[PDB]
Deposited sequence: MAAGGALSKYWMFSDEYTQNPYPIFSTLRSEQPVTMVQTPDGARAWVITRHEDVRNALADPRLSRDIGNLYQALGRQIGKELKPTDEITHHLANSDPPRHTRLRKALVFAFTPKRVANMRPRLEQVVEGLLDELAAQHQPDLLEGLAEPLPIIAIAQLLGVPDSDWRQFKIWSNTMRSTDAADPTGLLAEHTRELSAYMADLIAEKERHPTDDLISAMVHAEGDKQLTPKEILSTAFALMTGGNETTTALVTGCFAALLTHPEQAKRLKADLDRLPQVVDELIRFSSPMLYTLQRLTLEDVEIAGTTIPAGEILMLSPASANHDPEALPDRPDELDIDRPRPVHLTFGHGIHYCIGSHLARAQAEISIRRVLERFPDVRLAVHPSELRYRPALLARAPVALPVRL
């Protein structure tokens, strides 16, 4: 499956799979088997299915049995909510929801607008401006730094560490995790003494069962960094890619820019910046679309395929149409693990798109759509470059 044609445009393959092979077993780059689930109905149900596990210990045990080696238990910093099942997940999630509120995101928007305006100042000076390099790549970790409460004095080191929290180019996951942990532990202690208007402070001073331990707050911060950096980059890039490859619709959006909050969901659905969700492990035998998948197997659920499924969106699902009724989509997941950062991701996309279209009303792609490229993806997916003419 994982061919170059799939990498660049998976939608024809997803159409074949949804029709002919809605559960298809593949081998992943690590040598383990995975089962790719492509129909919207099955992706949604699987995300709601208590028989599927996100527990990292269970997943590594299954991976180790398939590859024949026992994998060592992972560090407790990895036991955050995205790597947990209930009841552990329920407690960690409840504390995070208490602090990471829609109101907190709304309150971050003034500074986010100011950050975007500064990034566009730098973009306006480039000889060959690129919306990925100049906007979609830098914005997410700036937003996460603001959300957490990282001081500007520590900015450059935080950015360096965050480039590992996705081992990425260096493989320094252990070293950077240790260093970032020591830094974030000191920041958590600083917010205990000197609380400020940020998420770490809100979690440190939470009451009752909403209060996690300092180590759990540290692990939560790691989940937010890994969960919201490359994903948001892909979402912002994908939304711009959708507009820029459909200039007639970009023109209409520019002419009626107040519609933007009611159009972003279609940009997200169409661009589908989440190719797969996090892996799921079967805790017991499960039947999906006529196929029995035994206990102990790994599922790969595709929001991108679900978002383009005509069973869920009968009218031209493989086309972008900003005028269609606001669609529901699976890009943020579904069920108990539904993206905690969805309002913050939306805000970054809305602010970025609005300010680009306002400041650069003639913005257009500098290449033909056929020249865009993607790299192989196991989670988030978007073009590797978005060169524009301003």
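No alpha-carbon coordinates exist for the deposited sequence positions 1 to 11, 178 to 181, given here in order along the chain.
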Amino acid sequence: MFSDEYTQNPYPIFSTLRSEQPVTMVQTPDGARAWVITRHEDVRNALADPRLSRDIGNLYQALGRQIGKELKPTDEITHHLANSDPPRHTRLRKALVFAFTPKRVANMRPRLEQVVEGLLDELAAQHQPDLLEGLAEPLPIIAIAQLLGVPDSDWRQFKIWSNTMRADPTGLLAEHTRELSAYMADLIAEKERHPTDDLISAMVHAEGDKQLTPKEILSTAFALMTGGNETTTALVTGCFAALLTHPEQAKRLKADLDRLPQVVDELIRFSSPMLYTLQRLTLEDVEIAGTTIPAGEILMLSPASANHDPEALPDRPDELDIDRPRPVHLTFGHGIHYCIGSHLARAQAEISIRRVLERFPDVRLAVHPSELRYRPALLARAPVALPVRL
From here on, numbers count along this sequence of modelled residues.
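The stretch 21 to 29 shows the higher mean C-alpha B-factor when 21 to 29 is compared against 5 to 13 in the entry. As listed in the deposited structure, the average C-alpha B-factor of 176 to 184 and of 269 to 277 is greater for 176 to 184. Looking only at 229, 292, 84, 302, the residue with the top Cα B factor in the deposited structure is 292. Take 238, 214, 110, 171 and read off each C-alpha B-factor from the entry; 171 has the highest. The deposited CA B-factor of residue 334 belongs to the lowest third of values across its chain. The deposited CA B-factor of residue 55 belongs to the lowest third of values across its chain. In the PDB entry, residue 350 places in the lowest third of its chain by CA B-factor. Remark: residue 297 belongs to the middle third of its chain, ranked by C-alpha B-factor as recorded. For residue 38, the recorded CA temperature factor ranks within the lowest third of the chain's modelled residues.
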